[PDB]
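S.K.: Pasting a structure below so you can have a look.
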Ligand SMILES: [Ca+2]
Ligand SMILES: [Ca+2]
Ligand SMILES: [Ca+2]
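What follows is the structure, encoded as structure tokens:
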């Protein structure tokens, strides 16, 4: 797989090459290829780094290994009647996933905790992080970090179209609507 | 204190997850994620990270999100230092560098003691999330609820439940902290 | 000084490995510059290459002791303990343990200030695949090109031995690559960056036709590997000699190969405007020099990759940046 990368990068340098490595010491060889550029999204998905990392965070907070593992497998909620009370609540948790989408102009000049509250209370979307314009990736910052225009927000939600309610939100129009499916309106 | 020892087992095979726990319904047809040992954080197969190749394409930043959240700040700065071959290095460092201790780690908050215990008795998850966010600077991701409530000490994950979801005094809540 | 019985090489008394052994502390302390770096890949069980044959011609009696380029081999101790039996009788030789993929090893050596970094692989050739054969040889060359120094990254001159000819394409990063195209036509070979073994298949034919043409180059390459040596080495006691008589030491005069840049010196006038034919005649009369060919820059209109031109025409224009291959009497 290291040689597969070299052959691609030999043919053409400017290209995104994502690799699945197994051992962590082999990741050092990919980083020393001259064409391999971190900046343009060449991600060496090292399994041993992540595998043990997921486990390591469970030592700090048990069960976190399977909180995160479910966020990246793209699932959908199909509650069969054979399941019990505890399983149906778990299988809803499997259907949640990470998503990136831009916040609307309603969130501009507004603090993080108040913004994350509006996403949860009204829109029903858990807002984790906001990328701030070197684009720094700030996870759950305090009240000091404000929201600039066209900020990329990181959401835990059921689907991507559910997160698109953040993009179509309006303080003038949608502020009195209880049904959250009624926020499909791009017209604000 | 015998079965109450918390442990997590790495596995080569997904089908071998059934042999770990002694009290559940087992089918090799059922996938690894639906099984009782995985749901409770007792197992972790490698197969669940096959989907991570797709997310790295679509969401370039979603992969680098979790590497901050998991490894505890594995910056590219480190990866190039380690590629140079002399291992880890540092010293005492300046106060500008040591101001980078503030980032959000993950943590559990039991709803037995403390100010949040009031919500565990009667109230819902939505009421907890709003109160915790304003005062403390906390995002409640999910719950780690007991399987049996009517007794083994096996708790299962519930990632981002609904607004109106009832809590118990025995629950534990996953949280991103600033402490 | 000490010399071989033939009077062809710089000899030494026999040594143990720990005299010439170094760590990263001791190697960096030694102010190494304008030298050779043998990046050697080998297991303990892997068979002998005979790095003796690499180091021997570098230690030719044509060169003075101060002029010798100090060689630093980088590999296993278990492997080099075998080859030390042959290598021990050569001055300015230094062994540093560990693999040459580690940048901590190369930065201690000062690979940025290297005349030629030779990459060799002693490991078993074709035991698995054709693609995974030169994994170490390619990754080492790419590692050195990628490095940057602060007192020179891609400007480090190196030459890579290869098992497969098709793997030559992966070395250089900026050229048109086809496995249909033979090894000799490729950009890495033409610039002296690669050297496959396959180019010496033709040497079996020349040894039949021109009996003397094979023994010509053994004088010109190995630096006077006389049959006298081969029978001494067959007797099994290694290299030997001492101080030797003035009749034997008068055999230091033979023609070595050398490059002459046309930037400074008296030959610089020809590089500006004149031709190769005008250079050859002037150099031959005054200095006793046969200009064989040129080592011209590929890009002229900027990477530092020069390519070979063996015996060009009489009317061939020169540049001030060119370098000329020459047989000297110095
Ligand atoms: Ca879903
Ligand atoms: Ca079982
Ligand atoms: Ca190439």
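Residue numbers (UniProt numbering), protein chains in the order written: chain D, 429 to 561, 567 to 621; chain V, 882 to 1031, 1037 to 1065; chain U, 706 to 856, 882 to 1031, 1037 to 1065.
Cβ atoms here follow ideal geometry from the backbone N, Cα and C, with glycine treated the same way.
1) Output, in chain order, the set of chain D residues within a Cβ distance shorter than 7 Å of residue 932(V).
2) Of all Cβ atoms in chain U, is any one closer than 8 Å to the Cβ of residue 958(V)?
3) Out of 716(U), 1030(U), 750(U), 769(U), state which residue places its alpha-carbon closest to the alpha-carbon of residue 986(U).
4) Who does residue 1005(V) pair with in a DSSP beta bridge?
5) When you compare the CB of residue 460(D) with every CB in chain U, is at least one pair closer than 8 Å?
6) Examine ligand 5 and report whether any of its heavy atoms sits within less than 7 Å of the Cβ of residue 592(D).
7) Give the interface partners of residue 429(D) over in chain U, defined as CB-CB distance under 7 Å, in chain order.
8) Can we count residue 504(D) as close to ligand 1, meaning its CB is less than 7 Å from some heavy atom?
9) On the DSSP bridge list, what partners appear for residue 962(U)?
10) Measuring only from the beta carbon, is residue 525(D) closer than 7 Å to any heavy atom that is part of ligand 1?
11) Below 8 Å, can you find three or more Cβ-Cβ pairs linking the segment 1009-1022 of chain V to the segment 1054-1062 of chain V?
12) Per the contact definition of three or more C-beta pairs closer than 8 Å, is the segment 746-766 of chain U in contact with the segment 786-794 of chain U?
13) Just the C-alpha distance for residue 571(D) and residue 557(D), rounded to the nearest angstrom, thanks.
14) Can you list, in chain order, the residues of the segment 437-464 of chain D whose Cβ is nearer than 7 Å to any Cβ on chain V?
15) Can you pull out the residues from the segment 516-531 of chain D whose beta carbon lies closer than 8 Å to at least one beta carbon of chain V?
16) Quick check on the DSSP output: what are the complete alpha helix (DSSP H) runs of length 4 or more inside the segment 886-968 of chain U, in order along the chain?
17) Since residue 1045(V) is in the alpha helix (DSSP H), which residue starts that stretch and which ends it?
18) Can you pull the chain D neighbours of residue 907(U), defined as C-beta to C-beta under 8 Å?
19) Using a 10 Å radius around the Cβ and a threshold of 16 neighbouring Cβ atoms, would you call residue 967(V) buried or exposed?
20) Please list, in chain order, all residues of the same chain as residue 883(U) whose beta carbon is under 6 Å from its beta carbon, the five residues on each side excluded.
21) Below 8 Å, how does it come out for the segment 506-517 of chain D and the segment 938-951 of chain V: are there three or more Cβ pairs, yes or no?
22) Between the segment 816-836 of chain U and the segment 990-1010 of chain U, can you find at least three pairs of beta-carbon atoms closer than 8 Å?
23) Since residue 1006(V) contacts residue 1047(V) with CB under 8 Å, what's their CB separation in whole angstroms?
24) Please compile the residues from chain D whose C-beta is within a distance smaller than 9 Å of the C-beta of residue 946(U).
25) Closest to residue 903(V) by C-alpha separation, out of 1040(V), 933(V), 945(V), would be which residue?
26) Residue 873(U) versus chain V: which residues are under 8 Å apart at the beta carbon?
27) Strictly by DSSP, which residues pair up with residue 746(U)?
28) Name the chain V residues whose beta carbon is nearer than 9 Å to that of residue 565(D)?
29) Can you confirm whether residue 962(V), when its beta carbon is compared against all beta carbons of chain D, has any partner nearer than 8 Å?
30) For a test of the three-state rule: what should DSSP assign to residue 802(U), helix, strand or coil?
31) Starting from residue 547(D), trace the beta strand (DSSP E) both ways and give me its first and last residue.
32) In chain order, what are the residue ranges of uninterrupted beta strand (DSSP E) at least 3 long that sit wholly in the segment 453-540 of chain D?
33) Nearest CA to the CA of residue 827(U): which residue from 753(U), 1004(U), 952(U)?
34) Within 10 Å of its beta-carbon, does residue 886(V) have 16 or more other beta-carbons around it, so buried, or fewer, so exposed?
35) Out of 964(U), 738(U), 1029(U), point me to the one whose CA is closest to residue 1056(U)'s CA.
36) How many Å lie between residue 484(D) and residue 928(U) at the Cα?
M.R.: For this structure:
1) By one-based count along the second chain, residue 932(V) stands at place 51. Near residue 932(V) (Cβ distances below 7 Å), the residues of chain D are 500, 501, 502.
2) Along the second chain, read from residue 1 onward, the residue named residue 958(V) stands at position 77. Contacts with chain U at 8 Å (Cβ-Cβ) do not include residue 958(V).
3) Taking the third chain and counting its residues from 1, one reaches residue 986(U) at position 256. Ranking the options by Cα distance to residue 986(U), first place goes to 769(U).
4) The residue you call residue 1005(V) lines up with position 124 of the second chain. Residue 1005(V) is bridged by DSSP to 1052(V).
5) Your numbering for residue 460(D) matches position 32 in the first chain. For residue 460(D), the answer is yes, since a Cβ of chain U falls inside 8 Å of its Cβ.
6) Judged by which ligands are present, ligand 5 is missing from the structure shown, whose ligands are ligand 1, ligand 2 and ligand 3.
7) For the purposes of this step, residue 429(D) is taken as residue 1 along the first chain, with counting starting at 1. The contacting residues do not exist; residue 429(D) stays about 11 Å from chain U at best.
8) Indexing the first chain from 1 puts residue 504(D) at position 76. Yes, the Cβ of residue 504(D) comes within 7 Å of a heavy atom of ligand 1.
9) Position 232 of the third chain, counted from the start, is the residue given in the question as residue 962(U). Beta-bridge partners assigned by DSSP to residue 962(U): none are found.
10) As a first step, residue 525(D) must be located in the first chain, where it is residue number 97. Answer for residue 525(D): yes, Cβ within range of ligand 1.
11) Result yes; three or more Cβ-Cβ pairs closer than 8 Å.
12) Touching, per the Cβ criterion.
13) Locating residue 571(D) in the first chain gives position 138, counting from the first residue. Locating residue 557(D) in the first chain gives position 129, counting from the first residue. Cα to Cα, the separation comes out at about 6 Å.
14) If the cut-off is 7 Å between Cβ atoms, the segment 437-464 of chain D has 446, 448, 456, 459, 460 near chain V.
15) The segment 516-531 of chain D vs chain V, Cβ under 8 Å: 517, 518, 519, 520, 521, 522, 524, 526, 527, 528.
16) List check, alpha helix (DSSP H) in window: 917-920, 933-939, 941-952, 957-964.
17) Taking the first residue of the second chain as position 1, residue 1045(V) is located at position 159. Segment 1041-1045 is the beta strand (DSSP E) holding residue 1045(V); no alpha helix (DSSP H) there.
18) The residue you call residue 907(U) lines up with position 177 of the third chain. Going along chain D in sequence order, the residues near residue 907(U) (Cβ under 8 Å) are 438, 439.
19) By one-based count along the second chain, residue 967(V) stands at place 86. Under a 10 Å Cβ-count criterion, residue 967(V) is classified as exposed, with fewer than 16 other Cβ atoms of the shown protein chains found around its own Cβ.
20) For this step, residue 883(U) is matched to residue 153 along the third chain. Around residue 883(U): 852.
21) Segment contact: the segment 506-517 of chain D against the segment 938-951 of chain V, fewer than three CB-CB distances shorter than 8 Å; contact not assigned.
22) No contact exists between the segment 990-1010 of chain U and the segment 816-836 of chain U.
23) Mapped onto the second chain, residue 1006(V) falls at position 125. Mapped onto the second chain, residue 1047(V) falls at position 161. That pair is a contact at about 5 Å.
24) On the third chain, position 216 is the one that residue 946(U) refers to. Close to residue 946(U), with beta-carbon spacing below 9 Å, lies no residue of chain D; the smallest spacing is near 38 Å.
25) For this step, residue 903(V) is matched to residue 22 along the second chain. Among 1040(V), 933(V), 945(V), the Cα nearest to that of residue 903(V) is on 1040(V).
26) Note on chain U: numbering goes from 856 to 882 directly, and residue 873(U) within that interval has no coordinates.
27) Along the third chain, read from residue 1 onward, the residue named residue 746(U) stands at position 41. Partner(s): 826(U).
28) No atoms of residue 565(D) appear, because in chain D residue 561 is followed directly by 567.
29) For the purposes of this step, residue 962(V) is identified with residue 81 of the second chain, where counting begins at 1. Chain D contact via Cβ: absent.
30) By one-based count along the third chain, residue 802(U) stands at place 97. Strand, per DSSP.
31) Counting from one through the first chain, the residue named residue 547(D) turns up at place 119. Counting along the chain, residue 547(D) falls outside any beta strand (DSSP E), though it belongs to the alpha helix (DSSP H) covering 540-549.
32) Correct list: 472-474, 525-530.
33) For the purposes of this step, residue 827(U) is taken as residue 122 along the third chain, with counting starting at 1. When C-alpha distances from residue 827(U) are compared across 753(U), 1004(U), 952(U), the shortest belongs to 753(U).
34) What you label residue 886(V) is simply residue 5 of the second chain in a count that begins at 1. Residue 886(V) should be labelled exposed.
35) Counting from 1 along the third chain, the entry for residue 1056(U) is found at position 321. Nearest of 964(U), 738(U), 1029(U) to residue 1056(U), Cα basis: 1029(U).
36) Mapped onto the first chain, residue 484(D) falls at position 56. Mapped onto the third chain, residue 928(U) falls at position 198. Going from the Cα of residue 484(D) to the Cα of residue 928(U) covers about 52 Å.
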